Student: 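Let me give you the structure first, and then I'll get to my questions.
Below, read A as the first sequence line, B as the second, and so on, with proteins coming before strands; counting in each chain starts at 1. Because only heavy atoms are used, hydrogens play no part in the values below, and waters and symmetry mates are left out as well, while side chains stay in.
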2 protein chains.
Amino acid sequence: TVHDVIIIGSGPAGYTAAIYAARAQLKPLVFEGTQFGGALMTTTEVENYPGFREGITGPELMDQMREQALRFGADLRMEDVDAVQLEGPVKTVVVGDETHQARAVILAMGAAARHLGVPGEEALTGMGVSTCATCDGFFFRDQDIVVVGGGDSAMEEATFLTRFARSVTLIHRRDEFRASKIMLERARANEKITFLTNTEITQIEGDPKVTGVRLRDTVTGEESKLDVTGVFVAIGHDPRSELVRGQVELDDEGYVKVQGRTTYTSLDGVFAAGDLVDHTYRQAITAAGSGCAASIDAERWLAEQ
Amino acid sequence: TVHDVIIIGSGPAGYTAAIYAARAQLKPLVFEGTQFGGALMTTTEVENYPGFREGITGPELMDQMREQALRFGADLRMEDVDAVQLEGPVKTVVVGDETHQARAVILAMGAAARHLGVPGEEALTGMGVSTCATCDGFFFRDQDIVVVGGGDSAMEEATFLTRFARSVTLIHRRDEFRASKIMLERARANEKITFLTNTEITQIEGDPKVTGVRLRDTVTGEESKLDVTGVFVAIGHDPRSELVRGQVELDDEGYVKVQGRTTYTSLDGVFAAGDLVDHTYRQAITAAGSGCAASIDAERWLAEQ
Ligand SMILES: Cc1cc2nc3c(=O)[nH]c(=O)nc-3n(C[C@H](O)[C@H](O)[C@H](O)COP(=O)(O)OP(=O)(O)OC[C@H]3O[C@@H](n4cnc5c(N)ncnc54)[C@H](O)[C@@H]3O)c2cc1C
Ligand SMILES: Cc1cc2nc3c(=O)[nH]c(=O)nc-3n(C[C@H](O)[C@H](O)[C@H](O)COP(=O)(O)OP(=O)(O)OC[C@H]3O[C@@H](n4cnc5c(N)ncnc54)[C@H](O)[C@@H]3O)c2cc1C
Ligand SMILES: Nc1ccc(Nc2ccc3c(N)nsc3c2)cc1
Ligand SMILES: Nc1ccc(Nc2ccc3c(N)nsc3c2)cc1
Ligand SMILES: [Cl-]
Ligand SMILES: [Cl-]
Ligand SMILES: [Cl-]
Ligand SMILES: [Cl-]
Ligand SMILES: [Mg+2]
Ligand SMILES: [Mg+2]
Ligand SMILES: [Mg+2]
Ligand SMILES: [Mg+2]
């Protein structure tokens, strides 16, 4: 049984691809993962996804998307793809001890935001701990917050956040910065930003919400506590391209490369969408847009065979 | 008074750009047009926009988007931009006898679908007359329908529609086809497609919904009537780039060109999104995704000044 298309991933890119493929009568087979629903399934509020004048929670939005895909006939499986064979006319995905095949595959595995890995980070996620200044900076008006990281991401998040926050403490575990000189220099010039180098967070305090961070000097071991009400983690992303490394061309940071303004990868019959590809915007609406494009690409490519 | 950003257009690209720019505290000034709300403001059902398990009407979706932009502080004006000056640090838009200025401009004027221009076309829009096989082909299962046009668009729409329709009559006013040989040959091979060359539609019949089309031979003048329940107009699109021709680089069909996978045009401080740029996907979700990207591009570009 060779399916027309298999989709790997269940964030906005994967579900939008599933909606379009199903409505196109391709009977898409979608492997959602056991941690299904993408990055929004673990935020509280989504206010910048167009179409919801008063907002919607991340889980509510993903459940709409999932039920929408189901309504048009997508075959959804809450299982992880463990391995793929993507070269040639018939592609194979392996799911535990089960195999499935398809003429086209849409890769929508997303990117993992790096975690601090400290107590309180999970408990206080959406309650003061954020990954997304664009999304959440709004909510920290006149507040004292931290940003963690040493690259252009952290510099961009920190300087952006000063238009809301009373103060931004930028914390980095080294005394050297991997961020570009321009981004570094913009952060230095901003009077609302204080730099804390050679510093790591060991714990995030907060009873319902973030009240502070515990700090350790990575050189001397000196520990202290900072009172803050927000923690923005900006230590980088890891695109989830492990399944396809060695089969589909990746850039030096592991993002799947695509041709021009399409979703076509280096492999015939293989398309890629969402934050697996995009290291620039990383929003739900852009991932959904690219998931649509992947399905239209796949449909048109299938019609050429 | 020089604004940070002006947005021209009020479809999904323009409203999503407005939402992001407003949430970024850029106080975007948005000229919606008198025919505001984009292409969806004149369809009935939008079923493939992810986030609505049971669908939503086009006007309901656009009103959500508009109120969402308002909620975050967008300044919305239901007026047409009549002329622009986009070169240099301060850009000007002219609206009747009023002028407005901004450091960045986001172009989101969309593309106009060409119309047959015959009686019944407007009355029966969304009631049998469609512009979008992806969107509406679903609803014509086992029905006899027409597709109008002579290019790759019409060939693609007609062959796609045969997976739903009982029959597809492809009508073209010439006996020569501007579509590529592959697209032409695929349509010829499909047993559900009948070709009617040298034929124009003079009227679309239908009491609540499409019941037939009146036809004229463009050579002999012979007229007849075809019983059909759907009419898909696929005679091409005109991107709304007239305002910016001679200022921003356009491709040979008039679409605004953008740099790589960004929204940057050939002019510093000018960004473009939606169907003004995209001649491939032309969906609401993709236009919304690109409107987000234009605002993020614009925000980051503004921060560099
Ligand atoms: C805390 C947080 C809050 C956010 N808030 C917002 C917001 O308010 N607005 C906004 O626009 N964006 C927000 N974002 C960003 C947005 O969620 C992402 O940009 C978007 O979800 C990317 O979608 P994607 O489909 O490419 O990947 P993801 O959302 O990462 O989805 C990929 C999914 O596929 C699954 N998958 C991966 N590999 C496999 C495999 N091998 N087999 C099976 N399944 C697999 C994953 O487990 C995951 O469930 C937020 C992100 C985070 C982390
Ligand atoms: C009948 C119909 C049904 C459709 N159904 C679907 C569907 O179900 N699903 C789907 O995904 N897509 C659908 N589409 C396509 C979708 O609507 C478009 O792809 C999308 O709206 C493009 O958005 P855009 O913002 O780029 O431009 P548009 O939607 O064209 O919006 C541009 C807006 O800006 C305004 N504007 C233009 N020039 C100026 C100016 N100089 N000054 C001020 N304002 C100006 C225009 O009047 C218009 O209101 C449909 C299209 C049509 C025509
Ligand atoms: N995958 C991955 C790679 C690198 C990191 N860096 C990191 C981790 C924890 C902390 C911390 N508590 N303060 S600064 C910091 C930085 C995290 C995850
Ligand atoms: N802008 C623009 C340019 C070209 C067209 N072509 C056209 C118009 C009407 C009809 C018809 N009634 N049957 S075939 C056809 C084709 C329409 C609009
Ligand atoms: Cl390789
Ligand atoms: Cl290998
Ligand atoms: Cl020019
Ligand atoms: Cl000129
Ligand atoms: Mg995983
Ligand atoms: Mg996830
Ligand atoms: Mg107009
Ligand atoms: Mg319109």
Student: Give the member of B/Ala288, B/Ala293, B/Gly260, B/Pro12 that has the highest number of heavy-atom pairs under 4.5 Å with chain A.
Tutor: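 The option with the most such pairs is B/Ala293.
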Student: Please step through side chain to side chain contact (heavy atoms under 4.5 Å, CB included) for the pair B/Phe72 and A/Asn48, ending with a clear verdict.
Tutor: CA-CA 10 Å; B/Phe72 297 120; A/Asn48 55 10; 5.9 Å; no
Student: Verify whether one side chain among B/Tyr49 and A/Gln68 offers a donor that lies under 3.5 Å from an acceptor in the other.
Tutor: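 Side chains of B/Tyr49 and A/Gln68: no pair found under 3.5 Å.
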Student: Does the B/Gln64 side chain pair with the main chain of A/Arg53, one donor and one acceptor, at a distance under 3.5 Å?
Tutor: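 Looks like yes, one N/O pair under 3.5 Å.
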Student: Where the side chain of A/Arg163 meets the backbone of B/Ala24, is there a donor-acceptor pair that is under 3.5 Å apart?
Tutor: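 Such a contact is found between A/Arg163 side chain and B/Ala24 backbone.
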Student: Would A/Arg71 and B/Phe52 count as a cation-pi pair here, with the cationic atom under 6.0 angstrom from the ring centre and within 45° of the axis?
Tutor: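 That pair does not qualify as a cation-pi contact.
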Student: What residue, out of B/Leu61, B/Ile182, B/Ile19, B/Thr159, has the most heavy-atom pairs lying under 4.5 Å from chain A?
Tutor: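 It is B/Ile19.
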Student: If only atom types and distance count, is the side chain of A/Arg261 paired as donor or acceptor with the main-chain N or O of B/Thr262 below 3.5 Å?
Tutor: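 Checking the backbone N and O of B/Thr262 against the side chain of A/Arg261, a donor-acceptor pair under 3.5 Å is found.
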Student: Is the terminal nitrogen or CZ of B/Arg23 (NZ for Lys, CZ for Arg) located under 6.0 angstrom from the six-membered ring centre of A/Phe139 and within 45° of that ring's axis?
Tutor: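 Relative to the ring axis of A/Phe139, which defines the angle, B/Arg23 lies inside both limits.
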Student: I'd like to verify something: which residue of A/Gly291, A/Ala287, A/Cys135 has the highest number of heavy-atom pairs under 4.5 Å with chain B?
Tutor: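 Going by pairs under 4.5 Å, I would pick A/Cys135.
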Student: Quick check on A/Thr134 against chain B: is it the side chain, the backbone, both or neither that has a heavy atom closer than 4.5 Å?
Tutor: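 Both backbone and side chain of A/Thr134 come within 4.5 Å of chain B.
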Student: Step by step, would you call A/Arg300 with B/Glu156 a side chain to side chain contact (heavy atoms under 4.5 Å, CB included)?
Tutor: CA-CA 9 Å; A/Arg300 289 180 174 148; B/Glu156 156 153 275; 2.9 Å; yes
Student: Take atom CD in A/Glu304; do more than 12 heavy atoms of anything else shown fall under 6.0 Å from it?
Tutor: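 Enclosed.
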Student: Below 4.5 Å from any heavy atom of chain B, which atoms of A/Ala69 appear? Answer side chain, backbone, both or neither.
Tutor: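 Neither part, no heavy atoms under 4.5 Å.
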Student: Sort A/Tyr281 into side chain, backbone, both or neither according to what part of it lies under 4.5 angstrom from a heavy atom of chain B.
Tutor: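 For A/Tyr281, heavy atoms of backbone and side chain both lie under 4.5 Å from chain B.
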Student: If you count heavy-atom pairs under 4.5 Å with chain A, which of B/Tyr20, B/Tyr15, B/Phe164, B/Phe160 comes out on top?
Tutor: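 Of the candidates given, the most pairs with chain A belong to B/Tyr20.
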Student: Quick check on A/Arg66 against chain B: is it the side chain, the backbone, both or neither that has a heavy atom closer than 4.5 Å?
Tutor: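 A/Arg66 has no heavy atom closer than 4.5 Å to chain B.
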Student: If I take atom CD1 from residue B/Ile296 and atom OG1 from residue A/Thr286, how far apart are they, to the nearest 0.5 angstrom?
Tutor: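 Taking CD1 in B/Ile296 and OG1 in A/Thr286, the distance rounds to 6.5 Å.
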Student: Specify which of B/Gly51, B/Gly289, B/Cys292 makes the most heavy-atom pairs with chain A at under 4.5 Å.
Tutor: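 Option with the top pair count is B/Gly51.
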Student: Please classify the contact of A/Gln25 with chain B as side chain, backbone, both or neither, using a heavy-atom distance under 4.5 Å.
Tutor: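 Just the side chain, heavy atoms under 4.5 Å.
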Student: Check each atom of A/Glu60 against the heavy atoms of chain B and say whether the ones under 4.5 Å are side chain, backbone, both or neither.
Tutor: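 For A/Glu60, there is no contact with chain B at all, as no heavy atom is under 4.5 Å.
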